[PDB]
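One structure below.
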Amino acid sequence: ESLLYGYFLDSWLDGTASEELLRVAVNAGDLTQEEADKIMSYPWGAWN
Amino acid sequence: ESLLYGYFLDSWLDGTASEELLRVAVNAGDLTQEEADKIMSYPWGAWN
Amino acid sequence: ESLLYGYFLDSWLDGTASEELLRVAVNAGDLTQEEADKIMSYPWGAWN
Amino acid sequence: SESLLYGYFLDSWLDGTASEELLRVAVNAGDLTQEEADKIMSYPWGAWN
Amino acid sequence: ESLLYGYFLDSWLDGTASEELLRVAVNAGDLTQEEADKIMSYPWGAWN
Amino acid sequence: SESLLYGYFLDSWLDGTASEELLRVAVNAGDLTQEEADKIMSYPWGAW
């Protein structure tokens, strides 16, 4: 599991990360594509 | 124990997570069903 | 220490956790009884 | 090996929310060693308040 | 991976870290040049 | 390996809270090595 998985998931659940931002993280190798797809399976902005 | 166990327990105690959200995390494989059931034995929104 | 020992000690020190909450954590296996007893030895709400 | 809560208690000492009273309880509980509490007390109490 | 990679990436996303800061961290051995380049690929200040 | 509190003290230097006097105390306490204090003081005090 990527070290920043939880960090990016939390940003998705709080609505601060967009799909574009997750693509940047995948491109950088900070998330795998599979992890970004998992994160996007959650409701965007669920915490709000 | 799942890495995000404490993250999701804290979100249940702070009243931001719902049962529906914990089920999304179990589907994602970020929590096991047993862990979601442990979290739901605590008082939701206990932190206020 | 259990993974969440510091998390629950901090909640006791900040006055957010109650004895009941610690015992729910013991019942869930997130603290040992000995850990809950050690946490309750500290001043509740010391952080103010 | 460092007690896991060493940084936690040092931060409380620097923020002025802990005094020796709390460090005494932590040492008695086995959450800090006496040597660790003496190291923390070497810092300026409340410097980061 | 450098231990402070996430710390510096978060500071960049927050808009608190500057390129100069990342370069200081590289010179200090706290980041690799490749890591500073990865961080700079993200949008500066996307977190508020 | 970095001292456990390296990031903690570097962050306090960047946020303008720590002084050289504080770093001297941390080296004397064995919380930072002298090399680490020298690295930290290389960064811009109060940058954040």
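Chain labels run A, B, ... following the order of the structure tokens; each chain numbers its residues from 1, and ligands are numbered from 1 in the order shown.
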Lay chain A over chain B using all C-alpha atoms, matched one to one in order, with a least-squares fit; then write it out as a short mmCIF file (atom, residue, chain, number, x, y, z; two decimals) with C-alpha atoms, in the first residue's frame.
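Resulting contents of part_1.cif:
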data_model
loop_
_atom_site.label_atom_id
_atom_site.label_comp_id
_atom_site.auth_asym_id
_atom_site.auth_seq_id
_atom_site.Cartn_x
_atom_site.Cartn_y
_atom_site.Cartn_z
CA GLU A 1 -5.36 -4.77 11.76
CA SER A 2 -6.22 -2.66 8.67
CA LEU A 3 -3.95 0.39 8.26
CA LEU A 4 -7.03 2.70 8.19
CA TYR A 5 -8.81 1.17 11.14
CA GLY A 6 -8.02 4.12 13.44
CA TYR A 7 -8.77 6.63 10.69
CA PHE A 8 -12.31 5.24 10.22
CA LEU A 9 -12.89 4.76 13.97
CA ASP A 10 -11.99 8.43 14.53
CA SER A 11 -14.47 9.45 11.77
CA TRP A 12 -17.20 7.36 13.43
CA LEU A 13 -16.46 8.87 16.95
CA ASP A 14 -16.61 12.38 15.44
CA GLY A 15 -19.92 11.60 13.65
CA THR A 16 -18.57 12.25 10.13
CA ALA A 17 -18.64 8.64 8.97
CA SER A 18 -21.98 6.91 8.56
CA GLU A 19 -22.62 3.15 8.35
CA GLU A 20 -22.97 3.66 4.54
CA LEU A 21 -19.43 5.05 4.44
CA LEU A 22 -18.06 2.11 6.51
CA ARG A 23 -19.79 -0.25 3.89
CA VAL A 24 -17.94 1.56 1.11
CA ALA A 25 -14.64 1.03 3.00
CA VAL A 26 -15.43 -2.71 3.55
CA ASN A 27 -16.30 -3.08 -0.15
CA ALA A 28 -13.02 -1.43 -1.10
CA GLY A 29 -11.08 -3.77 1.26
CA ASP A 30 -9.93 -0.78 3.39
CA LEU A 31 -11.69 -2.26 6.43
CA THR A 32 -12.76 -5.83 7.13
CA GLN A 33 -16.42 -6.45 7.96
CA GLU A 34 -15.33 -7.43 11.53
CA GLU A 35 -13.54 -4.05 11.88
CA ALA A 36 -16.61 -2.10 10.64
CA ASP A 37 -18.71 -4.06 13.20
CA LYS A 38 -16.20 -3.13 15.93
CA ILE A 39 -16.30 0.51 14.98
CA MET A 40 -20.14 0.47 15.03
CA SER A 41 -19.98 -0.99 18.64
CA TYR A 42 -18.81 2.54 19.68
CA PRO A 43 -21.31 5.41 20.20
CA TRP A 44 -21.61 7.33 16.93
CA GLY A 45 -20.57 10.93 17.43
CA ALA A 46 -19.16 10.16 21.00
CA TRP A 47 -16.55 13.01 20.66
CA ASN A 48 -19.30 15.68 20.32
#
Interface list for chain F, partner chain D, 8 Å threshold, only C-alpha atoms, as number ranges by chain: F: 5, 17-18, 22, 25-26, 29
Dump of C-alpha atoms for the selected residues, as a CSV table (one decimal), in the first residue's frame:
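Output below, filename out37.csv:
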chain,number,residue,atom,x,y,z
F,5,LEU,CA,12.1,14.2,16.4
F,17,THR,CA,8.5,28.7,17.0
F,18,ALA,CA,12.0,27.2,17.6
F,22,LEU,CA,15.9,25.5,21.7
F,25,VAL,CA,18.6,22.2,24.4
F,26,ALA,CA,17.4,19.4,22.0
F,29,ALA,CA,18.9,16.2,25.6
Nearby residues (only C-alpha atoms) at most 12 Å from residue 23 (chain F), same-chain spacing under 3 positions excluded, as a PyMOL selection string: (chain D and resi 43-44) or (chain F and resi 5-6+8-10+12-13+17-20+26-41)
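The residues of chain F lying at most 8 Å from chain E, with only C-alpha atoms taken into account, are residues 7, 39, 42, 43, 44, 47 and 48 of chain F.
In this model, the gap between CA of residue 16 (chain D) and CA of residue 1 (chain D) comes to 25.9 Å.
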